[PDB]
Structure formats: C-alpha cells, structure tokens
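Architecture and fold: a report
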Amino acid sequence: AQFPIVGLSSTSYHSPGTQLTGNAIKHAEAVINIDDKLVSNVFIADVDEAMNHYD
Amino acid sequence: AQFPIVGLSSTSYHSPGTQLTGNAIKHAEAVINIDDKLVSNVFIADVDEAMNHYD
Amino acid sequence: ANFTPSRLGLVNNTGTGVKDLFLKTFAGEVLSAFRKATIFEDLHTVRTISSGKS
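Residues numbered from 1 in each chain as written, not as in the entry; some residues may be left out. Chains lettered and ligands numbered in written order. Part of a larger assembly, values for the part shown. Heavy atoms only, no water.

Determination of this PDB entry was carried out by cryo-EM to a resolution of 3.23 Å, according to the record.

1. Digging into the overall build of chain C
Put simply, the rule reads: Per the convention used, a helix needs a DSSP run of H or I reaching at least four residues, while a strand needs a run of E reaching at least two, with both numbered from the N terminus. Using C-alpha atoms as the atom set, the radius of gyration is obtained and then compared with a globule rule of 2.2 Å times the number of residues to the power 0.38. Residue exposure (1.4 Å probe, protein chains only): buried if accessible area is under 20% of the type maximum, exposed if over 50%, otherwise partly exposed. Residue burial considers only the protein chains on display, and all accessible areas are found by Shrake-Rupley using a 1.4 Å probe.
Looking only at helices and strands, one finds zero helices and zero strands in chain C. For chain C, whose C-alpha radius of gyration is 31 Å, the value lies well above the compact-globule estimate of 10 Å for 54 residues. In terms of overall dimensions, chain C has C-alpha extents of about 90 × 25 × 20 Å along its principal axes. The proportion of buried residues among the 54 residues of chain C is 2%. Of the roughly 5900 Å² of accessible surface on chain C, a fraction of 56% belongs to carbon and sulfur atoms.

2. Comments concerning the overall build of chain A
In terms of regular secondary structure, chain A is built from one helix and three strands. Each helix and strand of chain A, ordered N terminal to C terminal, gives the series β-β-β-α. The globule rule puts the C-alpha radius of gyration for 55 residues at 10 Å, and the 32 Å found for chain A is more than 25% above it. Seen along its three principal axes, the alpha-carbon backbone of chain A occupies a region of about 100 × 20 × 5 Å. Across the 55 residues that make up chain A, the buried fraction comes to 0%. Surface accessibility of chain A: about 5600 Å² in total, with carbon and sulfur atoms responsible for 57%.

3. Here we look at the interface of chain B and chain A
Put simply, the rule reads: Pairs of residues are marked as contacts when any of their non-hydrogen atoms sit within 4.5 Å. Two parts lose some accessible area (1.4 Å probe) when they are put together, and adding that loss for both gives the buried area. Any carboxyl oxygen of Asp or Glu within 4 Å of a side-chain nitrogen of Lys or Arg constitutes a salt bridge here. By the criterion applied in these results, polar contacts are pairs of N or O atoms within 3.5 Å in which, for protein atoms, one can donate a hydrogen and the other can accept it, and in which residues neighboring in sequence qualify only through two side-chain atoms. Only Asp, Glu, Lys and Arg are considered charged, only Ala, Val, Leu, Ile, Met, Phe, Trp, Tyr, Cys and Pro nonpolar, and every remaining residue, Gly among them, polar. Note: two strands are recorded as paired if DSSP finds a minimum of 2 bridges between them.
Facing the 11 residues of chain B at the interface are 13 residues of chain A. Together, the buried faces of chain B and chain A total about 1000 Å²; carbon and sulfur atoms form 52% of this surface. When the area that chain B buries against chain A is broken down by residue, the three leading residues are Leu38, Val39 and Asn41 of chain B, summing to 48%. Between the two partners, chain B and chain A, sit zero salt bridges. Linking chain B to chain A there are four residue pairs in polar contact. The class makeup of the residues in the side of chain B that touches chain A is five nonpolar, three polar and three charged. Alignment of strand β2 (residues 12–13) of chain A against strand β3 (residues 38–39) of chain B, held across two bridges, turns out to be antiparallel. Of the residues in β3 of chain B, the one forming a bridge with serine 12 of chain A is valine 39 of chain B.

4. Observations regarding a nonpolar patch on the surface
Applied cut-off: Patches here: salt-bridge-free residues with over 30% relative accessible area, like charges joined within 9 Å, nonpolar side chains (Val, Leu, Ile, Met, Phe, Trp, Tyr) joined within 5 Å.
A cluster of nonpolar residues, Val6 of chain B together with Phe26 and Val30 of chain C, forms a patch on the protein surface that exposes about 270 Å² of accessible area. Under the relative-accessibility criterion, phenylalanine 26 of chain C is labelled exposed at 53%.

5. Points about the interface of chain B and chain C
Chain B puts six residues into the contact, and the matching count from chain C is nine residues. Of the roughly 740 Å² buried where chain B meets chain C, counting both sides, 68% is carbon and sulfur surface. Scanning the region where chain B abuts chain C turns up zero salt bridges. Where chain B touches chain C, the interface holds three residue pairs in polar contact. In terms of residues, the side of chain B that touches chain C owes the most to one element, strand β1 (residues 2–5) of chain B, which gives three residues.

6. Topic: unusual backbone geometry
With the exception of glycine, most residues fall at negative phi, and the peptide bonds are largely trans. A positive phi angle, near 60°, is found at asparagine 12 of chain C, a position not held by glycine. For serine 32 of chain C, which is not a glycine, the phi torsion comes out positive at approximately 60°.

7. Here we look at a negative patch on the surface
Residue and element names in this part refer to chain A. The cut-off we apply is this: By the counting scheme adopted, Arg and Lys are positive, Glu and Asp are negative, and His together with the chain ends is not counted. Just so you know, the charge point we use is NZ for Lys, CZ for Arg, CG for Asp and CD for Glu.
On the surface, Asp46, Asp48, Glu49 and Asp55 cluster together into a negatively charged patch. Positionally, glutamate 49 belongs in helix α1 (residues 46–51). A relative accessible area of 39% means that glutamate 49 is categorised as partly exposed.

Laid out in structure tokens, this is it:
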C-alpha cells in the first residue's frame, strides 16, 4: 500500500512589472509491504486422549 | 495613518497682582506605514493532473 | 517584464523616491494618557463652612 505525503508553502514580496512564476512543491510517499503467512499448528493422537484423565 | 498623542496638566499657587499667562501644552504623533503586497503562488501542469490518482 | 509603470510618485523620472509626493492620513482616534488611582479622596472626613478664616 502507498500513503502519499504533501505540504510546502512560501511567501514573498512582489517586484512591480514582473510576472509571478510559482513556488515548487514536491511530494513523497511511505509504502507498507505485507509479510508471509503466520501459522500455529498441533497434532493429538487418539490413544493419548483415550488414556488421559482430563480434557 | 497618524495617531495624535496628548496629555498634560499643571497647577500652581497664584499670587494676586500679576497676570496669568497659562501653561504650555504640546502634542506628538505616531505613524504606521503600509508595506508592499505579499504573494503566494504555484503552477501545476496538466499531464501530471491527468496521470495522478488523487486530487 | 513588458511593463514600465510610472509609479505615480517619481519626480522627473530620475532616481529613487517613488513615495515623495504622498501624504499621510488621520486614523480617527486620539490616544491621550492614563488616569492615576486616587485613594485618599475618601478615608478622611470632609467638612464645609460658609464664612470665617479657620
């Protein structure tokens, strides 16, 4: 995923007889990758459950 | 703009037989000038606006 | 560029001083001074007499 970022600004006093140009604003971004799959497994035998005295 | 400043006074004891001349009061002023015009500006192209995926 | 304003203030269009032919305005308020605190007017008794020296 991508989260763009923005924000720059400026101000000035203008000299008469000239033409305004602009103040350059440039951006950036922060990306977030996705990890692999996380697992948690277990196995239980039947005879162990049959001989046990609790669940 | 101009802001006049006032505020004086004085009292004394008058001896009869002489003529009262008064007291001297004078004023002062404050002036505030107006600067040039502040400007903030930016130019954004058209191809970038077409390609981009957010406002 | 492509513009040559006269600035409406320059004399003979020579040198600087584009604000030589301008005058100031009156904002519309006089400042004056503050008033001190007078606490001894009260805190004592004031009498009046019609005639006599004391």
